[PDB]
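Undergrad: Handing you a structure now.
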Amino acid sequence: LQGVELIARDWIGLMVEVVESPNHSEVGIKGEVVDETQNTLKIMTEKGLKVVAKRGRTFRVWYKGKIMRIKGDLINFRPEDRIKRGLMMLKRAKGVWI
């Protein structure tokens, strides 16, 4: 339910943590998203700033009392685009055809 909402919502302002990545040294990067583009997430960490690509990455995200794991491959699209994708994932997660 809420996990799907994250597919459509920009992640700016949310707390995230990189748990999987093809760029191995990125594991552990955790902080607040301060900017987002179709392909990247800019994160403010405890000791600095990091830019992390979305493709191939898996992020743990703190949202409305829950903690979800979301693949960057699902959100590396423009906002308008992510809105339609969000709805698709909702139908799929609802077992509804439309």
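For the structure tokens, the naming scheme is as follows: chains receive sequential letters (A, B, ...) according to their order of presentation, residues are indexed from 1 within each chain, and ligands are indexed from 1 in presentation order.
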Identify, with DSSP run on backbone atoms, the residues in region 1-73 of chain A assigned to helix (DSSP H, G or I), and express the list as a VMD selection string.

TA: chain A and resid 2 to 8 24 to 26 72 to 73

Undergrad: Hey, what's within 9 Å of residue 7 (chain A) if we count only C-alpha atoms and toss same-chain stuff fewer than 2 positions away? As a PyMOL selection string, please?

TA: chain A and resi 3-5+9-10+70+74-75+82-83+85-87+89

Undergrad: For the residues in that selection, give me N, CA and C atoms as a PDB file, in the first residue's frame.

TA:
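Printed below is selection-v6.pdb as written:
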```pdb
ATOM      1  N   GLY A   3       4.115   1.331   0.244  1.00  0.00           N
ATOM      2  CA  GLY A   3       5.295   1.097  -0.566  1.00  0.00           C
ATOM      3  C   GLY A   3       5.042   1.571  -1.983  1.00  0.00           C
ATOM      4  N   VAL A   4       3.825   1.348  -2.466  1.00  0.00           N
ATOM      5  CA  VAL A   4       3.456   1.758  -3.815  1.00  0.00           C
ATOM      6  C   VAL A   4       3.450   3.278  -3.940  1.00  0.00           C
ATOM      7  N   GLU A   5       2.993   3.961  -2.896  1.00  0.00           N
ATOM      8  CA  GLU A   5       2.946   5.417  -2.909  1.00  0.00           C
ATOM      9  C   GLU A   5       4.332   5.993  -3.181  1.00  0.00           C
ATOM     10  N   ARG A   9       5.778   9.230  -5.513  1.00  0.00           N
ATOM     11  CA  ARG A   9       6.264  10.388  -4.754  1.00  0.00           C
ATOM     12  C   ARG A   9       7.754  10.639  -4.939  1.00  0.00           C
ATOM     13  N   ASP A  10       8.151  11.904  -5.049  1.00  0.00           N
ATOM     14  CA  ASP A  10       9.573  12.191  -5.161  1.00  0.00           C
ATOM     15  C   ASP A  10      10.103  11.814  -3.786  1.00  0.00           C
ATOM     16  N   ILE A  70      13.108  -0.651  -1.736  1.00  0.00           N
ATOM     17  CA  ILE A  70      12.660  -0.364  -3.088  1.00  0.00           C
ATOM     18  C   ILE A  70      13.836  -0.292  -4.049  1.00  0.00           C
ATOM     19  N   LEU A  74      12.924   0.893 -10.291  1.00  0.00           N
ATOM     20  CA  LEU A  74      11.496   1.188 -10.340  1.00  0.00           C
ATOM     21  C   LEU A  74      11.193   2.681 -10.339  1.00  0.00           C
ATOM     22  N   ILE A  75      12.157   3.487  -9.895  1.00  0.00           N
ATOM     23  CA  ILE A  75      11.948   4.930  -9.815  1.00  0.00           C
ATOM     24  C   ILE A  75      12.889   5.836 -10.610  1.00  0.00           C
ATOM     25  N   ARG A  82       6.507   8.411 -13.304  1.00  0.00           N
ATOM     26  CA  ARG A  82       6.368   7.639 -12.072  1.00  0.00           C
ATOM     27  C   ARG A  82       4.937   7.600 -11.552  1.00  0.00           C
ATOM     28  N   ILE A  83       4.134   8.589 -11.928  1.00  0.00           N
ATOM     29  CA  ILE A  83       2.748   8.607 -11.482  1.00  0.00           C
ATOM     30  C   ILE A  83       1.985   7.456 -12.139  1.00  0.00           C
ATOM     31  N   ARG A  85       3.345   4.763 -13.352  1.00  0.00           N
ATOM     32  CA  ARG A  85       3.971   3.542 -12.850  1.00  0.00           C
ATOM     33  C   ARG A  85       3.459   3.210 -11.465  1.00  0.00           C
ATOM     34  N   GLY A  86       3.253   4.250 -10.665  1.00  0.00           N
ATOM     35  CA  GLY A  86       2.738   4.058  -9.326  1.00  0.00           C
ATOM     36  C   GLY A  86       1.381   3.393  -9.395  1.00  0.00           C
ATOM     37  N   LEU A  87       0.518   3.882 -10.285  1.00  0.00           N
ATOM     38  CA  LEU A  87      -0.819   3.312 -10.430  1.00  0.00           C
ATOM     39  C   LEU A  87      -0.757   1.861 -10.891  1.00  0.00           C
ATOM     40  N   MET A  89       1.618  -0.338 -10.316  1.00  0.00           N
ATOM     41  CA  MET A  89       2.039  -1.156  -9.187  1.00  0.00           C
ATOM     42  C   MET A  89       0.908  -1.324  -8.184  1.00  0.00           C
TER      43      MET A  89
END
```

Undergrad: Could you jot down the CA of residue 12 (chain A) to CA of residue 42 (chain A) separation for me, Å, one decimal place?

TA: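 These atoms are spaced 8.7 Å apart.
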
Undergrad: What are the DSSP strand (DSSP E or B) residues of region 56-96 of chain A, as a list in words?

TA: residues 58, 59, 60, 61, 62, 63, 66, 67, 68, 69, 70 and 71 of chain A

Undergrad: Based on the selection just made, write N, CA, C and O atoms of those residues as a short mmCIF file (atom, residue, chain, number, x, y, z; two decimals), in the first residue's frame.

TA:
```
data_model
loop_
_atom_site.label_atom_id
_atom_site.label_comp_id
_atom_site.auth_asym_id
_atom_site.auth_seq_id
_atom_site.Cartn_x
_atom_site.Cartn_y
_atom_site.Cartn_z
N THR A 58 19.35 -0.75 -4.47
CA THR A 58 18.19 -1.10 -3.67
C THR A 58 18.29 -0.19 -2.46
O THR A 58 19.35 -0.07 -1.85
N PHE A 59 17.19 0.48 -2.14
CA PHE A 59 17.16 1.42 -1.03
C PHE A 59 16.16 1.04 0.04
O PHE A 59 15.07 0.55 -0.27
N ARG A 60 16.52 1.25 1.30
CA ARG A 60 15.59 1.02 2.39
C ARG A 60 15.11 2.44 2.61
O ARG A 60 15.91 3.38 2.63
N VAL A 61 13.80 2.60 2.74
CA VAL A 61 13.24 3.93 2.92
C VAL A 61 12.30 3.99 4.11
O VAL A 61 11.45 3.12 4.28
N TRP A 62 12.46 5.02 4.93
CA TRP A 62 11.60 5.22 6.09
C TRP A 62 10.42 6.07 5.63
O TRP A 62 10.61 7.19 5.14
N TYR A 63 9.21 5.53 5.76
CA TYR A 63 8.02 6.24 5.32
C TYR A 63 6.79 5.87 6.14
O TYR A 63 6.44 4.70 6.26
N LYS A 66 6.79 2.99 8.56
CA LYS A 66 7.25 1.73 8.00
C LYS A 66 8.63 1.86 7.36
O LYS A 66 9.12 2.97 7.14
N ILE A 67 9.25 0.73 7.08
CA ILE A 67 10.57 0.71 6.45
C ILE A 67 10.48 -0.22 5.25
O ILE A 67 10.28 -1.42 5.39
N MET A 68 10.62 0.34 4.05
CA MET A 68 10.53 -0.47 2.84
C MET A 68 11.81 -0.53 2.03
O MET A 68 12.66 0.35 2.10
N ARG A 69 11.94 -1.61 1.26
CA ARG A 69 13.08 -1.82 0.39
C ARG A 69 12.55 -1.62 -1.02
O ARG A 69 11.64 -2.33 -1.46
N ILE A 70 13.11 -0.65 -1.74
CA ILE A 70 12.66 -0.36 -3.09
C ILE A 70 13.84 -0.29 -4.05
O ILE A 70 14.85 0.34 -3.76
N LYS A 71 13.70 -0.96 -5.19
CA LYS A 71 14.75 -0.96 -6.20
C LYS A 71 14.74 0.34 -6.99
O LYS A 71 13.68 0.81 -7.41
#
```

Undergrad: Mind checking which residues fall within 10 Å of residue 37 (chain A), counting only C-alpha atoms, ignoring those fewer than 2 positions away in the same chain, and posting them as a PDB file with C-alpha atoms, in the first residue's frame?

TA:
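Now in around_13.pdb:
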```pdb
ATOM      1  CA  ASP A  10       9.573  12.191  -5.161  1.00  0.00           C
ATOM      2  CA  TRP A  11      11.947  11.062  -2.427  1.00  0.00           C
ATOM      3  CA  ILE A  12      13.223  14.509  -1.513  1.00  0.00           C
ATOM      4  CA  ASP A  35      17.587  16.381  -4.374  1.00  0.00           C
ATOM      5  CA  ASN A  39      18.613   8.984 -12.629  1.00  0.00           C
ATOM      6  CA  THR A  40      20.073   9.992  -9.282  1.00  0.00           C
ATOM      7  CA  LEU A  41      19.544  10.709  -5.610  1.00  0.00           C
ATOM      8  CA  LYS A  42      21.551  13.329  -3.729  1.00  0.00           C
ATOM      9  CA  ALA A  53      22.656   6.554  -9.114  1.00  0.00           C
ATOM     10  CA  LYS A  54      19.310   4.736  -9.003  1.00  0.00           C
ATOM     11  CA  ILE A  75      11.948   4.930  -9.815  1.00  0.00           C
ATOM     12  CA  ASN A  76      14.572   6.140 -12.288  1.00  0.00           C
ATOM     13  CA  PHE A  77      11.975   7.971 -14.367  1.00  0.00           C
ATOM     14  CA  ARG A  78      10.563  11.488 -14.626  1.00  0.00           C
ATOM     15  CA  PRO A  79       7.856  12.426 -12.063  1.00  0.00           C
TER      16      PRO A  79
END
```

Undergrad: Report, in Å to a single decimal, how far apart CA of residue 84 (chain A) and CA of residue 97 (chain A) are.

TA: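 The value is 14.5 Å.
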
Undergrad: For residue 49 (chain A), find every residue with an atom within 10 Å (counting only C-alpha atoms), except residues of its own chain fewer than 6 positions away, and show them as a ChimeraX atom specification.

TA: /A:29-34,42-43

Undergrad: Using only C-alpha atoms, find the one residue out of A:38, A:1, A:28, A:45 that sits nearest to residue 81 (chain A).

TA: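 When distances to residue 81 (chain A) are compared using only C-alpha atoms, the smallest one comes from A:38.
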
Undergrad: Out of A:96, A:51, A:44, A:88, which residue has the shortest atom-to-atom distance to residue 26 (chain A) when counting only C-alpha atoms?

TA: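 The shortest atom-to-atom distance to residue 26 (chain A) comes from A:51.
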
Undergrad: Using CA of residue 16 (chain A) and CA of residue 94 (chain A) as the two end points, give the distance in Å to one decimal.

TA: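 Computed distance, CA of residue 16 (chain A) to CA of residue 94 (chain A), equals 25.7 Å.
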